[PDB]
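Novice: Next up is a structure, given as structure tokens.
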Amino acid sequence: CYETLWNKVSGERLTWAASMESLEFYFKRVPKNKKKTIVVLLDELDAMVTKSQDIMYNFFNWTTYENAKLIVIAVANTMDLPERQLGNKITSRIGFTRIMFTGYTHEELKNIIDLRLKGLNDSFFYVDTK
Amino acid sequence: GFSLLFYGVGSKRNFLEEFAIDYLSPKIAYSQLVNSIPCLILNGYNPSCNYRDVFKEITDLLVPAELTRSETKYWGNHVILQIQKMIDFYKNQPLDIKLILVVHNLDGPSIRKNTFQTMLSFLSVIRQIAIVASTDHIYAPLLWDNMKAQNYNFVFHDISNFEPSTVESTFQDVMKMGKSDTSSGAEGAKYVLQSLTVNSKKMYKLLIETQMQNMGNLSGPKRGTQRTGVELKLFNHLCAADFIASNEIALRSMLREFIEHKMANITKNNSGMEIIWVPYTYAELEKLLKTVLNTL
């Protein structure tokens with residue numbers, strides 16, 4: 001992940017560790033007059049934290065710094081995944097927003113299916129017999 | 001070219017130290033004429049002894065020649081081969097004592113293993129270093145083979161003084177009739193933290209709490225290892241947020257004391273990170289957190 005992010009913001013091509021320090025310095029010490037806001041979309045987050053909580057902790061902590069301009073959006077399966085990984089006090093310090101997506105019902109699903117077929121349903125077609 | 005072995009009932013620590021340090025070394029130094037012969041005290045009652053560190057310090061003191069590629073063999077041990085090379089080298093130098101080593105408990109909970117005995121037996125063939133040792137167990141001679149007794153070249157002496165032995169009985173909990181898992185070594189950690197500064201205790205508390213969290217999330221009686229450690233950068237970020245350490249220099253300066261006493265280890269995984277970890281058990285860690293660090 002690290003290098004990819006760096007490769008998408010600087011054009012350089014470094015290893016993962018050097019990318020980690022590069023991103024840390026960039027988000028911490030570069031003045032706000034010479035940057036640009038970045039919207040990361042960390043996806044399938046449960047597949048990154050499988051040996052240690054390093055990636056999640058770094059990505060969530062980079063939003064704490066004042067000089068940074070980061071807006072992280074992370075999606076996952078389980079709700080209370082960070083609590084099971086980081087700890088209650090660190091999560092309380094970070095202070096993110098939480099959203100839960102409930103399943104569909106038998107009305108919304110029918111509405112989706114009907115919306116996806118509007119022009120075609122009950123229409124007229126010219127058909128060649130041969 | 002003999003090797004003394006003192007046996008009896010009581011404590012032989014003060015006697016051995018007073019004999020080796022205050023009498024033998026100055027006499028040898030004066031007899032070979034300037035500086036005194038260095039002595040390598042080797043605690044035996046400590047369950048956390050490791051022969052790799054002992055051989056590292058032996059190498060530092062004696063500065064032996066390195067090992068060529070043709071002598072390393074196919075995945076061969078790099079300690080016994082170097083000891084044999086030193087033995088072959090030291091068979092021509094003039095006969096002069098250059099090092100004196102004291103083994104306090106030759107049959108302790110961790111020094112009685114076969115590999116350590118083999119290393120010590122090979123190290124005693126060299127005539128240029130002097131051995132002094134003592135034993136406490138009563139089936140001690142069963143520990144030595146018919147070949148180890150040949151190159152140890154022991155001479156047996158008896159000294160009984162009914163000494164209290166108040167220092168050897170520090171790594172075990174006497175309050176529980178001495179059934180406190182002697183090979184663990186968790187009592188020494190409590191004794192050390194009993195007399196440490198305020199800043200170090202908070203850092204150890206933070207490390208223990210994080211390691212316990214990781215152990216609980218990952219897994220009982222399982223011991224903690226590198227898999228349940230804390231990354232050095234993450235630990236620095238955590239401790240810097242509680243006004244414990246300011247930069248990495250202070251953290252690495254205050255971690256050396258804990259590393260030396262075999263109470264914390266630092267090692268690198270396959271991905272190149274640095275992981276610090278405590279080689280204790282979950283129950284022992286909880287007891288340490290509850291009995292001595294709960295009140296600060």
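Here, A, B, ... name the chains of the structure tokens in the order displayed, residue numbers run from 1 inside each chain, and ligands are numbered from 1 in the same displayed order.
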May I have the residues within 12 Å of residue 48 of chain A as a ChimeraX atom specification, using only C-alpha atoms and disregarding those fewer than 5 positions away in the same chain?

Specialist: /A:1-2,42-43,53-57,59,74,76,85

Novice: Name the residues of chain A that fall into strand (DSSP E or B) according to DSSP on the backbone, using the chain letters and numbers of this document, as a VMD selection string.

Specialist: chain A and resid 38 to 40 70 to 72

Novice: What's the 10 Å shell around residue 163 of chain B, counting only C-alpha atoms, without same-chain residues fewer than 6 positions away, as a list in words?

Specialist: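 So the residues in contact are residues 9, 10, 11, 12, 13 and 14 of chain B.
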
Novice: Find the residues near residue 151 of chain B: any atom within 12 Å, counting only C-alpha atoms, skip ones fewer than 5 places away on the same chain, and give them as a ChimeraX atom specification.

Specialist: /B:1-3,87,117-127,144-146

Novice: Give me, as an MDAnalysis selection string, the residues of chain B touching chain A, with the criterion being at most 12 Å (counting only C-alpha atoms).

Specialist: chainID B and resid 209:218 226:235 237:238 241:242 269 271:275

Novice: Got time to write the residues from that selection, C-alpha atoms, as a PDB file, in the first residue's frame?

Specialist:
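Written out: part_13.pdb:
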```
ATOM      1  CA  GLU B 209      -0.263  -3.788  28.198  1.00  0.00           C
ATOM      2  CA  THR B 210       0.205  -3.662  24.421  1.00  0.00           C
ATOM      3  CA  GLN B 211       1.728  -7.152  24.312  1.00  0.00           C
ATOM      4  CA  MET B 212      -1.112  -8.532  26.446  1.00  0.00           C
ATOM      5  CA  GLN B 213      -3.655  -6.918  24.113  1.00  0.00           C
ATOM      6  CA  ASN B 214      -1.971  -8.507  21.091  1.00  0.00           C
ATOM      7  CA  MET B 215      -1.742 -11.909  22.798  1.00  0.00           C
ATOM      8  CA  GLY B 216      -5.410 -11.822  23.774  1.00  0.00           C
ATOM      9  CA  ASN B 217      -6.524 -10.793  20.293  1.00  0.00           C
ATOM     10  CA  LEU B 218      -4.379 -13.335  18.431  1.00  0.00           C
ATOM     11  CA  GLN B 226       7.950 -12.298  18.269  1.00  0.00           C
ATOM     12  CA  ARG B 227       4.515 -13.000  16.764  1.00  0.00           C
ATOM     13  CA  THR B 228       2.917 -11.003  19.604  1.00  0.00           C
ATOM     14  CA  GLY B 229       5.437  -8.165  19.843  1.00  0.00           C
ATOM     15  CA  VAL B 230       5.312  -4.428  19.190  1.00  0.00           C
ATOM     16  CA  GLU B 231       6.940  -2.634  16.267  1.00  0.00           C
ATOM     17  CA  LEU B 232       9.662  -0.179  17.250  1.00  0.00           C
ATOM     18  CA  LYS B 233       8.206   2.744  15.284  1.00  0.00           C
ATOM     19  CA  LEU B 234       4.709   2.100  16.641  1.00  0.00           C
ATOM     20  CA  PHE B 235       6.073   1.846  20.185  1.00  0.00           C
ATOM     21  CA  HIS B 237       4.802   6.831  18.504  1.00  0.00           C
ATOM     22  CA  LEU B 238       2.846   5.426  21.456  1.00  0.00           C
ATOM     23  CA  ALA B 241       2.345  10.617  23.206  1.00  0.00           C
ATOM     24  CA  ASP B 242       2.574  10.093  26.994  1.00  0.00           C
ATOM     25  CA  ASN B 269      11.160 -10.433  10.985  1.00  0.00           C
ATOM     26  CA  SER B 271       9.704  -7.991   6.194  1.00  0.00           C
ATOM     27  CA  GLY B 272      12.576  -6.069   7.808  1.00  0.00           C
ATOM     28  CA  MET B 273      10.675  -4.515  10.715  1.00  0.00           C
ATOM     29  CA  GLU B 274      11.987  -4.387  14.282  1.00  0.00           C
ATOM     30  CA  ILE B 275       9.904  -6.146  16.940  1.00  0.00           C
TER      31      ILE B 275
END
```

Novice: Would you please work out which residue, of B:169, B:259, B:207, B:286, is nearest to residue 220 of chain B when using only C-alpha atoms?

Specialist: B:286

Novice: Could you give me, as a PyMOL selection string, the residues within 10 Å of residue 257 of chain B, counting only C-alpha atoms and dropping anything in the same chain fewer than 6 positions from it?

Specialist: chain B and resi 200+263-264

Novice: Could you give me the residues within segment 8-211 of chain B that DSSP places in alpha helix (DSSP H), as an MDAnalysis selection string?

Specialist: chainID B and resid 13:19 25:31 51:62 69:72 80:89 114:123 148:152 186:193 198:211

Novice: For a quick check of understanding, using only C-alpha atoms, which of B:37, B:5, B:103, B:67 has the smallest distance to residue 17 of chain B?

Specialist: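 Going through B:37, B:5, B:103, B:67 one by one, the smallest distance to residue 17 of chain B is for B:103.
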
Novice: Please determine, counting only C-alpha atoms, which residue among B:219, B:183, B:236, B:114 has the shortest atom-to-atom distance to residue 280 of chain B.

Specialist: B:183
